[PDB]
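Okay, structure first, notes after.
Here it is in structure tokens:
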């Protein structure tokens, strides 16, 4: 709901952190809504757009 | 009366949905009846897992049947712990405890 | 400048916006210098060099 709040506001990119228990919530949404996501957290394994 | 539940089924999961209908016909009663709402989805896409979840919370279901994968296991447990809806599943068990 | 209103995240069907494809290609084609050193990216989003 913090993701969908800012996507309701309209943004061009989102900076933020994820964790292990939330990483697939991020990598699914950024694949879907095509909103880029810059982050310093641990690297996801795979080829994520 | 007629009660409403929600169903989350993977594409390619033919037999389990066939096993779902056999269970409904046999365990049906005359007094109280259960009404499913079935959805077919990819289960690794956690958007679609989220999209199927909030669509059925808009329906006002009483409990939810569904599966999950490694990609979506955290999506369900964070939702059902928050939105206080029960989720029954044949998937692999979550490590730790989740309400 | 997609001044058209983004709407919610729960769209049926959820639709992207093609100027989002423009953003990440700029984000991957950045080689600057920072605190860690040479910031060189891949097509994936991971760091190299």
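Residue numbers (the UniProt record's numbering), protein chains in the order written: chain G, 75 to 123; chain A, 25 to 123; chain L, 322 to 370.
Using N, Cα and C, we set each Cβ at its ideal position, and we do this for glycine too.
Own chain partners of residue i with C-beta closer than 7 Å, once the 5 adjacent residues on each side are dropped
i: residue 120(G); result: none
i: residue 330(L); result: none
i: residue 76(A); result: 32, 63 and 65
i: residue 370(L); result: 359 and 361
Inter-residue spacing [alpha-carbon to alpha-carbon] between residue i and residue j
i: residue 36(A); j: residue 56(A); result: 31 Å
i: residue 26(A); j: residue 58(A); result: 6 Å
i: residue 349(L); j: residue 79(A); result: 35 Å
i: residue 48(A); j: residue 68(A); result: 27 Å
i: residue 337(L); j: residue 73(A); result: 18 Å
i: residue 123(G); j: residue 366(L); result: 7 Å
i: residue 356(L); j: residue 325(L); result: 37 Å
i: residue 85(A); j: residue 87(G); result: 35 Å
i: residue 46(A); j: residue 327(L); result: 44 Å
i: residue 53(A); j: residue 334(L); result: 37 Å
i: residue 353(L); j: residue 97(G); result: 27 Å
i: residue 81(G); j: residue 347(L); result: 20 Å
i: residue 332(L); j: residue 34(A); result: 21 Å
Spatial neighbours of residue i in its chain, beta-carbon cut-off 8 Å, leaving aside the 5 residues before and after
i: residue 83(A); result: 28, 30 and 61
i: residue 93(G); result: 115
i: residue 323(L); result: 338 and 340
i: residue 91(G); result: 113, 114 and 115
i: residue 50(A); result: none
i: residue 351(L); result: 360 and 362
Identity of the residue in the options nearest residue i by Cα
i: residue 71(A); options: 112(G), 102(G), 86(G) and 115(G); result: 102(G)
i: residue 95(G); options: 104(A), 105(A), 99(A) and 113(A); result: 99(A)
i: residue 105(G); options: 345(L), 333(L) and 357(L); result: 345(L)
Close beta carbons around residue i, own chain, < 6 Å, minus the five adjacent residues each side
i: residue 363(L); result: 369
i: residue 89(G); result: 112
Just checking, does the region 38-45 of chain A make contact with the region 107-122 of chain G on the three C-beta pairs under 8 Å criterion? no
Touch check for the region 326-345 of chain L and the region 93-110 of chain G: three-plus C-beta pairs under 8 Å? yes
Where are the alpha helix (DSSP H) runs, 4 residues long or more, that stay fully inside the region 28-113 of chain A, in chain order? 38-50, 70-83 and 97-107
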